[PDB]
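First residue of the sequence shown? That's 1 in the deposited numbering, and the numbers climb one at a time after it. Below is one structure; the comments refer to it alone.
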Amino acid sequence: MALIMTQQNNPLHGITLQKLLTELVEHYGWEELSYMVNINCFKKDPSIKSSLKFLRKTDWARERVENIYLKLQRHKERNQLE
Numbered sequence: 001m002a003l004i005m006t007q008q009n010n011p012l013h014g015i016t017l018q019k020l021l022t023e024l025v026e027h028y029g030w031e032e033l034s035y036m037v038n039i040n041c042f043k044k045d046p047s048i049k050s051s052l053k054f055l056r057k058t059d060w061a062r063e064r065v066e067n068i069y070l071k072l073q074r075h076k077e078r079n080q081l082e
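As structure tokens, this is what we get:
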């Protein structure tokens with residue numbers, strides 16, 4: 001969708017883990033994720049659905065993934081005032 005959402009509304013004001021990790025694979029990739037999170041998962045059978053389930057069981061890894069998305073946010077276009 002080239003049509004960008006030019007609205008003052010925030011359609012990303014509450015992103016879930018599933019969507020979050022997917023965007024990390026889209027904007028970074030499995031390599032960066034596997035390097036920042038010291039585990040053999042993103043470098044083992046690169047699968048979104050599998051990685052999600054792994055983050056559910058290995059909770060601390062999930063918390064790392066969220067922090068990785070925050071790394072993206074502090075480099076991404078910061079929404080200005082109202």
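We put the CB at the ideal spot given by N, CA and C, even for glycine.
Asked	Found
Range of the contiguous alpha helix (DSSP H) that encloses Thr6	Segment: none, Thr6 is in no alpha helix (DSSP H) and carries neither H nor E.
N-terminal and C-terminal residue of the alpha helix (DSSP H) that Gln80 is part of	Counting along the chain, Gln80 falls outside any alpha helix (DSSP H), and DSSP gives it neither H nor E.
C-alpha distance - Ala61 paired with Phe42, whole-angstrom precision	11 Å
Proximity below 8 Å, CB of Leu52 to CB of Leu12	no
Spatial distance of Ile48 from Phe54 (CA atoms)	10 Å
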